[PDB]
Number of protein chains: 2
Amino acid sequence: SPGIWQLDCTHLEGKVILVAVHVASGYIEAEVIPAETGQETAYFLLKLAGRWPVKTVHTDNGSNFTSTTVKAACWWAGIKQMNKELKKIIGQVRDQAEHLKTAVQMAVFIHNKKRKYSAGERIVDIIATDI
Amino acid sequence: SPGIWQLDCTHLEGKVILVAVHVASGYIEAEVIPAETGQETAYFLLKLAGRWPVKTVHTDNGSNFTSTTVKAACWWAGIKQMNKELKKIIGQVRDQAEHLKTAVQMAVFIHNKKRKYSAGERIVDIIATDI
Ligand SMILES: [Mg+2]
Ligand SMILES: [Mg+2]
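Residues numbered from 1 in each chain as written, not as in the entry; some residues may be left out. Chains lettered and ligands numbered in written order. Heavy atoms only, no water. Residues with missing side-chain atoms left out of burial classes, pairs and counts.

Under the PDB entry, the name given to chain A is Integrase, and the organism recorded is Human immunodeficiency virus 1.

1. Comments concerning the interface of chain B and chain A
The partner chain A presents 33 residues to the 33 residues of chain B that form the contact. Surface buried jointly by chain B and chain A totals about 2800 Å² across both partners, of which 64% is contributed by carbon and sulfur atoms. Sorting the residues of chain B by area buried against chain A places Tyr43, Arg51 and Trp76 of chain B first, and these three jointly supply 24% of that buried surface. At the surface where chain B touches chain A, the tally comes to 6 salt bridges. Put simply, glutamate 29 of chain B and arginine 51 of chain A hold a salt bridge, and the shortest N to O gap is 3.7 Å. (Contact = heavy atoms within 4.5 Å. Buried area = accessible area lost by both parts, 1.4 Å probe. Salt bridge = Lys/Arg side-chain N within 4 Å of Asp/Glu carboxyl O.)

2. A look at the sheet that holds strand β3 (residues 27–33) of chain A
Residue and element names in this part refer to chain A. As summarised here, the arrangement of the 4 strands in space is β3-β2-β1-β4, forming an open sheet in which the pairing is mixed. On the outer flanks of this sheet lie β3 and β4 (56–58), each paired with one strand and no other. On average, adjacent strands in this sheet sit at an angle of 25° to one another, irrespective of strand direction. In this sheet, β4 lies alongside strand β1 (residues 4–12) in parallel orientation, the contact comprising 3 bridges. Bridge pairing in β4 places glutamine 6 opposite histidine 58. With respect to the sheet, helix α3 (residues 83–94) is in contact with β1, β2 (15–22) and β3, its orientation differing from that of β1 by roughly 45°. Contacting β1, β2 and β3, helix α4 (residues 100–113) crosses the sheet at an angle of about 180° to β3. (Pairing = 2+ DSSP bridges. Helix = DSSP H or I, 4+ residues; strand = E, 2+ residues; numbered from the N terminus. Axes fitted to C-alpha atoms, helices over the stretch in contact; angles between N-to-C directions.)

3. Observations regarding the sheet that holds strand β3 (residues 27–33) of chain B
Adjacent strands of a sheet form backbone hydrogen bonds with each other and so pair up, either parallel or antiparallel. All names here are of chain B. With respect to topology, 4 strands assemble into an open sheet ordered β3-β2-β1-β4, the strand pairing being mixed. Of all strands in the sheet, those with a lone pairing partner are β3 and β4 (56–58), marking the two edges. Each strand axis lies, on average, 25° off the axis of its neighbour in the sheet, ignoring direction. Sheet analysis places strand β1 (residues 4–12) next to strand β2 (residues 15–22), joined by 8 bridges and oriented antiparallel. From the neighbouring strand, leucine 12 faces β2, where its bridge partner is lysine 15.

4. Observations concerning unusual backbone geometry
Residue and element names in this part refer to chain A. Unusually for a residue other than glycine, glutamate 13 sits at a positive phi of about 50°. Looking at where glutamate 13 falls in the secondary structure, it is placed in the loop between β1 and β2. Judged by relative accessible area, which is 47%, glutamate 13 ranks as partly exposed. (Buried < 20%, exposed > 50% of the residue type's maximum accessible area, 1.4 Å probe, protein only.)

Quick look at the structure:
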């Protein structure tokens, strides 16, 4: 279904990368934060939900969605309840950027635009088609 | 044209809101930062460019795109060179959230999803149609 997203955290250089994947397309959005917290996860979800018609979110760590602030964000936004190559691409460009956050966003760019259609083309088509 | 975006900063509560508008749709993305800096503007652009096929960016303050870090981001990403209602919507929900950043993202959500199609529907259609 086009409203389904997966969200997980990965760790790199003592920082945390929040990665959201649109399951039907493989499109990704990510952000770098200092550490995993409910406040960060809630903020990320609210941003995501304002961009895309987000219906359901899955995760590989259920406990990360247990805070009051995260349940509040899912409530208000009407939400119900890849790190393999992404880390490959980050390593490849890591040299080219000073800050890890900059390398992560270059990696997301590369991932979303690389063709086999690209993930970014597929999300827009999947969603436009459903309107 | 569907690759054209406008980016500007506004000030509220001693903070800065970076607002990007997809000119053909009226779709917006925003972020809250402590103050205007080239590093922030460059990061925002790199994020945006990884999400959408960004071709050209306009602004109402040209000097904000003069730093080395901003020119670097536009170079790597292949980029060449609403605050009215947004501030209305922020005021309306501001009470409902503690932190300004949370109110800004609720406002972006409201803006992008409100129908007359919504801005979020129009961007996806405009872009899908162009692929
Ligand atoms: Mg996780
Ligand atoms: Mg400005």
